[PDB]
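Contents: one structure, followed by commentary.
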Amino acid sequence: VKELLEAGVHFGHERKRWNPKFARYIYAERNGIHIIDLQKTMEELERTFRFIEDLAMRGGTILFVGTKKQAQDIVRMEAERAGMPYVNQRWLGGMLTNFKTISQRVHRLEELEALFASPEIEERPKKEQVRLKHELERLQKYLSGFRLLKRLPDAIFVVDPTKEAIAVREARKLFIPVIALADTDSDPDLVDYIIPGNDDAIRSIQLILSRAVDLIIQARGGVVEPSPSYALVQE
RNA sequence: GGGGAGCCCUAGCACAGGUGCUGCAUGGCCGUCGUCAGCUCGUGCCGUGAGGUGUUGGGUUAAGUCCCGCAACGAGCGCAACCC
C-alpha cells in the first residue's frame, strides 16, 4: 500500500534549500530535488503508526495542522472524521505556556454560544450586536477544529517543517513527543518520530492523513470511505 | 449702700491687621503640548542580565479605530459610547 501508492504520485521537493538530516533519509538531489528513500520512510512509518495504533486503542489528542491553504482543506475534514482538534488557521504563539489565555477565550466561548441563543437580540444596540458577531467569527475561524481540546494534547502531527517548527518549538519545550511531516528545507531531529516527504504535494498528504485516520480506526473501528481531496486535488 | 454681667471712655497690657518680597516654596487652579493619539498593565517568551516583544510591515480611519502577517492572547486612560 504505502510504498506503491507513495512513489506513484509523490516523494520529495524544494530546490537545494535542504536540511542535513534530510539528506541521510534521502537518495538524490538530482535535477533540483531530493528524492525520498521510501524504505526508511516505511521504517519510521512502522514506528510512528505503531504509536498511532496503540494510543488510538487507548484514546488521546494530536493535531491536524496545516496553517497553509493546501493541507488546510484536507486536514479540516480529516478532523471532522478523526475527532481531534486541528489548526488550519495561524497557530498562535502562546497555547503551550499560556494554557490559561486560550482557556479564558474558550470558557468565554461557551458563554458566547450561550448568549447567541438568548433574548439579548433586540436588546443591546445593533452595532454592538455587529461587534459580538465579529468576535464570533474570530474565535470561530481560528478555533475551528481546536475547540474541544480539553486537557493536554500529547503529540502533534502537522505539516511543513519551518513555520510548523514554530509549532514544533512550543510542543518541544513543554516536553511533548513530536509526530509531524517535513519537506527538504528544515530539520527533523527536533522531532522524535518524523515523517519525510513533499509538503507541496496534495495527494501525498491526503493519502497519509486519510489512512492515518483509518489507522485510528484500525485501532478503533467503523471503516467507512475516503472523501477528502480527490476532486479538490488538481483543479 | 455696693459689686457684677451685656455695655461705653481713656491710658496701658496680649495682639490684630497690610493688595509688601517669594507661583523655582505650594494647594487648588488654569496656559500649552493637541481629539494630538498615544500611554499602558494581566499570562508567557527572547537575552546572563538591564531590557525587548506586545504597539515594528501592508491598506485605512476623526484615533494604536480597524483589517492581513504576529511570542503572542487579555485590559487600562483614552477612542468610542448612554445626558443635552
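A quick note on method: Cβ atoms are made from the backbone with ideal geometry, for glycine too, and the neighbour counts reach across all protein chains shown. A short reminder: the numbers here are calculations on the coordinates, not readings from a lab.
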Mind listing whichever residues of segment A:74-99 are surrounded by fewer than 18 Cβ atoms within 10 Å (Cβ to Cβ) and away from RNA strand B (no atom under 16 Å from the Cβ)?
A:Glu80, A:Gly83
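Which residue, of A:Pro161, A:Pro177, A:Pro188, is farther than 16 Å from A:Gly66 by Cα and crowded, with 22+ Cβ neighbours inside 10 Å?
Step by step, each of A:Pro161, A:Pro177, A:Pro188 is checked, and only A:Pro188 is farther than 16 Å from A:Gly66 by Cα and crowded, with 22+ Cβ neighbours inside 10 Å.
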Filter segment A:116-128 for residues that are assigned to a helix (DSSP H, G or I) and exposed (fewer than 12 other Cβ atoms within 10 Å of the Cβ); which is farthest from RNA strand B (Cβ to nearest atom)?
A:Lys126
Given the conditions (1) closer than 30 Å to A:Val233 by Cα; (2) of a type in the set (A, V, I, L, M); (3) near RNA strand B (Cβ under 10 Å from one of its atoms), every one holds for A:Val65 apart from (3)
Of these, A:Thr61, A:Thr41, which one is of a type in the set (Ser, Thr, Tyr) and not in a helix (DSSP H, G or I)?
A:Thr61
Near pairs, Cβ below 8 angstrom, 6+ apart or cross-chain, from segment A:14-37 (touching a residue at least 24 places away in the same chain (Cβ under 8 Å)) to any residue that is hydrophobic (A, V, I, L, M, F, W, C) and part of a helix (DSSP H, G or I)
A:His34/A:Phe22; A:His34/A:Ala23
Step by step: first the residues of segment A:67-101, then only those that are touching a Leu at 6+ places or on another chain (Cβ under 9 Å) and assigned to a loop (DSSP other than H, G, I, E, B), then the one that is farthest from A:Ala219 (Cα to Cα). Which residue is that?
A:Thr97
Close pairs (9 angstrom Cβ cut-off, 6 or more residues apart or separate chains): touching a residue at least 24 places away in the same chain (Cβ under 8 Å) and exposed (fewer than 10 other Cβ atoms within 10 Å of the Cβ) in segment A:223-235, outside any loop (DSSP other than H, G, I, E, B) and β-branched (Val, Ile, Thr) anywhere:
A:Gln234/A:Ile202
Are any residues in segment A:137-176 within 11 Å of RNA strand B (Cβ to nearest atom), assigned to a loop (DSSP other than H, G, I, E, B) and β-branched (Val, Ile, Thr), and if so, which ones?
A:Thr162
